[PDB]
Structure formats: C-alpha cells, structure tokens
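This text opens with one protein chain seen in two forms, each one given by itself as structure tokens under the names structure 1 and structure 2.
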Structure 1
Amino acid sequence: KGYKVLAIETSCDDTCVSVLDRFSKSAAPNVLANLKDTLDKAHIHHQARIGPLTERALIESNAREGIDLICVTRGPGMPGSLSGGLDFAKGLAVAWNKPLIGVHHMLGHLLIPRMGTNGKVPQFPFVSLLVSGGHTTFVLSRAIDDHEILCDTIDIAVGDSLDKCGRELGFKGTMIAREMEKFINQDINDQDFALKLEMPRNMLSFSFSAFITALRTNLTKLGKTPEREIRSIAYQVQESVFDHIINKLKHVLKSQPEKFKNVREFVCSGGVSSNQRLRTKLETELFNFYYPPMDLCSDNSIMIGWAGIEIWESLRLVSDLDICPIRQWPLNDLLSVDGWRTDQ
C-alpha cells in the first residue's frame, strides 16, 4: 500500500542521491537517505561518484530491493553532467524492472514546498520566487504541468552576484552571502550609517552583473580595508540587490493582473530565500508567504523524487527508457518533448 523512490540530481556541480518513503498517499513522504557529494571536471565528478553514492544510499536507507520508482533530472543543464545520472538511472530502472521519470530540474524547486503538506499547501494557482546561486526566476504555477516563467535573469543569479560582492568586501567561506548578512546584522544598528553607497524586450528580466562593477566603482572613491563602515556598506549592497528584485516583481504584478486573480500564496525558495531582510521586504512591499527550509532550497535530489511522485500520481505519466538529456528545456514544454507515457 506504499512505495519507495530513488532520486538522482546531476544537473549542477554536486552529485545528489536520495531515497524517499512514500508509505502513504494521504501523508507526506519521508526521507530514508539523502547524500550530496560536492565538487570540491563537472561531467567526470558525477561519473566517478554517482556509483558509490547510490550504493551507500541504498545501504543506509536499507532498501536496495524495495524501491518502486526511479526519478532523475533530465534537464536543463550540461549534457555531460545530466547523462551521468540519467544513464545510471536507466541502469537501475532496467535491472529492477521499475518505472522511470525524467524530471525537469526547475519543477523540483517549484513543487518542493508542497511535499511537507503532501499536495495541500500551496495549491494552484501560486507564484514562486526561485532565488539561488544559479537561479533567479519568478514563476506562475497554474497546474502540476502548467508552469509559466514571468521574469527570469539575463546574466547571473542573485546568489552569484552577492557572493561576488561579498568577496570584494571581503568575506570568505562556502556561502559568502550568508556570512555577509551576519557582519551587517551584528551591527544592524551598531554600524556607522556614514556611507551613502551608489548602486544601480517582450519579457521582463533580472540583472545582477552590474552590481559587482558598481561596487568596484564606489570603493575607488573611498578606501578598501572600520567594522562600523564595513557593516554599513554590506547593508546597502544587499538592500539595492533586493530592491531590484522587488521592483521587477512589482512590474510583473502590475502588467498582468489577470494572471494573478486566483493566487493567494507566494513561495520564495532558493538559497537566498533564507535571508531575513529579503523575506521582510517581500512581505512589506507587496496573499500568504511560504519559505522553504535551507536543506531543500539548495540543489538536492529530494525535490526531484517528490516531483516524480507528483507527476506519477496526478498526471499518471512515466518516461520512456530512450529519453535523452535536454540542454535547454522550456518549462512550458514540460510534456511537449518525447517521450512521456501513461500508466492510466
């Protein structure tokens, strides 16, 4: 009366494998195993570590002969990295004679806040703001298969920009932007507010490439290291970056009011979404808000597994064993591409 899912994420630099326990359809699934091997070349890393990782996962999950579904990121991303997990997933599927689902990567980010409350919250339609180190997108979700991008970044992601500006202040570490928030919060009022920093179609867009450039052209009028000044500058940096996002979100909500007539829930996921100041400006300068945890907003295979559970039960669809990776996969063309198949 229940089943288990083997999930593989291989679109990014980190290799991710998970085992989910869908013990009941009237309850949120549980995680039996969730591993990430960080790249610390892209196609080789997955190719060399996808094997030992899953083996380790099946041992820890204690269910090598109990998984009933294989979910793997089909795209988008680099063909070399995607293949490493996709070809491997097929091997698992053929050996176990079990169904396979080629999952869209962005679909995982959008659907993962539902998993906690099964499929209840949030409900369609809902809007989502994916703000990570690789994504900066605003998406409308009308259905499990109907997703529309309303605003996407042009150059880099917000996380990529904040880190780049964080290393110029300069902070170090795995996640630089997260560290930059701390030094500015320790002196949230204790920082000397003396510096007045200077920061800056047929489809609305984000942009973050100029923030590092504008940052360099302001430290050139001052000096490059007073913590009362450091915490002050860092505040104005993240503020203006968040200002750009809120401004573009406003433009979207004002341009297409008909799109947003029946949505009452805003989802902000991605690594950057853990930023309290960002969370605050969203709720202030804009209808519920949902903030997914940190261990799910970052790239992982759990969201891939849950996404597969979504499409297997709701759409009753499955992927053919001949599916190839997709470099550029438009979210609106989710079911347009070969080759989906029904179990219904």
Structure 2
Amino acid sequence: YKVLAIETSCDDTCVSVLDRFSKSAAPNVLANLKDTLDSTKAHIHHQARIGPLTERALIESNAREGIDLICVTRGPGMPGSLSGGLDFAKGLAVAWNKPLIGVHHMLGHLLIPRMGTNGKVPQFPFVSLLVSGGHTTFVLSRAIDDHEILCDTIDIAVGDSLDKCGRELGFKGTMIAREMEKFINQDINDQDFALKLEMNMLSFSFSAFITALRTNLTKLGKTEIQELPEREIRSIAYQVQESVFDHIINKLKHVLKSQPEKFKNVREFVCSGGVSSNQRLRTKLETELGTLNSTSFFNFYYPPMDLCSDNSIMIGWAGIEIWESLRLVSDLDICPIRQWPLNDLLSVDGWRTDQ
C-alpha cells in the first residue's frame, strides 16, 4: 500500500510516492515538482516532465515494484495538459497490474488538511474557505462525495486582485501579494491616517477593487507611486487589504446567519490557499465569526503552503479516502474532464467498485 500520485492540471508537474503503513497513519515518502518557465506550452511541458520526474521519484523512494495504487488528476483543467499525467498513469497501472483512481482536482484541496490526522481532526460536518490565486470559494462538506458551494467568485480571485492592485501601488516581485503584507507589517503604526481612502447571496466580486483604487487615487492628492512617501502608500495598502478582506468576512457572515441549519454541526473552519498566509485575514476571520451569536463556534485550521498550493500529495490522499471509505476505482478507459463539477464527482462515467 504505497500510493503513486500525479498532478498535471495547471502549470505544476507533480509526482509523489506515499506510504500507508496502516489504516491509521500516512507519512509521505517522496514528492517532486517542476513548474512552467515563463518570461513553452503547458501540455508539452507536463508530457516531457512526467516520465523522468517519476523515475527519479521512484529511484529515490522505497521501490519501483512496491507501488499498490495509482492516483492521478482526472479533475478540472486543460484536457491536453492533464492527459499527460492520465495516459502516463494508465501506463503505470497496466504495467504493474494495479488500480487507478482518477481524482477531482478541487477534492484534493478540500481533503488535503485531513492527511496529517488520518481524517479525524477536520471532522466530516465542516466548512472551508479556499482563498488562492485561482480560487475564492466557501465550501461545506457533509461526506467525501457531498460538497456544497455556499459562496464563490464571479469575477477574479483574491491572489489576482491583490497582485493587480498591488502592482498599481509599486510592488513587482515574484509573489506580489505577500510583499504588500510585509510592507504594511514592517511598521503598522507609521501611516498617514488622514489619507481616508474610502471605497448577491452566494457570490464574491474582486475585479472592482483595482478600478476603485485608481478612481480613489485620481480623486485624492497624487497618483505617482514613485514620488509618494512610504507612510502614505502604507495607509493605502492597509485600506485596500482591509476592504478586500471585509468583503470576504461580510459574505461569510451573511451565509452563516442566513441558513444556520446547515451549520448546526460545524465545529471546524479550514482557510487554505495562498492568501491564508496573511496574518490580518486570519485575525479578521477569528474575531468576527467568534463574536456572532447565531453562528456556531469554530476551530480554525491553517494548512502549510506546500499542501495548499497545487501538489500531488492531495490527489494521493483523496484517492486513499475514496479507495477506503467509498471503495471505488476508476476504469482504464478514463479520459480528461475540462469543467468537471464537484457535485458531479460520482455521477460521471468511469467508476468501478473494489468491494
């Protein structure tokens, strides 16, 4: 019971060998990642990486003959890109004569925080916020097959919104979003508070913030970010970050108080993704949700950045949960599904019982 896992949906080519010692613990043997170089197609990249990225991951891992289950991403994404990992996984499966479990990409993200505790700590009736550079979704899980989208982005994601409006302020590094947070947190008190930069049910909107900041900048004193002093650009950065997060909080507060019947048994909140790394977002979440009466008490869990960002360990974990708790295996004639819905996880063709 050594799980070979693959992630080939976006730009990250991931290969990870897991070790399931018993049905109570799951330490990770090996984990590889190769991202697309940018100033080369994603499908061609994955197709050229997967092969040599698995042999090295098998040479460095326990054994090449010790693999018992092959997990791969059948999930949402580019068909051509994820066919690279899928057809390769079929090749491993046929050659070793072992099962294949085609995993939903988003299911990996939602199930990943359960691996460390062997699906115990984030107990089945739970609620989750997926704040990344690509996602912005508020999901309620009732079981591994049941998932309810309570609030999702109709515009762009937080990562993009904070990176786009952050670029207007002057920041231009590798991870634009966190550099702004580090600038605000270098000296939180030294700000020009005088610079008052002041700006349906199941939806989030972010594409307006960049447009609203530019109008706020043209109305107020100066627009030239290069000439602007450090204290003034810090009161702007604080206020933009405050408004972006106030919108998320206000929509989570709206969801919880509107239908508390769905949240009667939720005892754990999971904030996963790139933006979860923000200490203000964390403190805002824990402050507001913990004081409201109608809202049920929570226990906030912030997973590591390695597991949060697209990796293969999550596919290997979600596959473990499906092979064990549902006892299902994907058919060998499996094909990529571009816009595979999460509720349409077991409705679509390809499932075969192992029980």
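Residue positions are counted from 1 along structure 1's sequence. In this text, the rigid core denotes the largest set of C-alpha atoms whose superposition between the two forms falls within 1.5 Å.
Engineer: With each form of the chain shown alone, which structure should be assigned as the form deposited without ligand AMP?
Structural biologist: Answer 2, the form deposited without ligand AMP.
Engineer: Once the rigid core is superposed, exactly one of 93, 86, 112, 215 has its CA displaced by 2 Å or more between the two structures; which residue is that?
Structural biologist: Once the cores are aligned, the residue moving by 2 Å or more is 215.
Engineer: Quick check on residue 191: with the core superposed, does its CA move 2 angstroms or more between the two structures?
Structural biologist: Where the cores coincide, residue 191 still shows a C-alpha shift between the two structures that is 2 Å or more.
Engineer: Taking the rigid core as the reference frame, is the Cα of residue 31 displaced by 2 Å or more between the two structures?
Structural biologist: It does, since the residue 31 C-alpha is displaced 2 Å or more between the two structures after the core fit.
Engineer: Could the core-superposed CA displacement of residue 315 between the two structures be given in angstrom, to one decimal?
Structural biologist: It moves 0.4 Å at the C-alpha.
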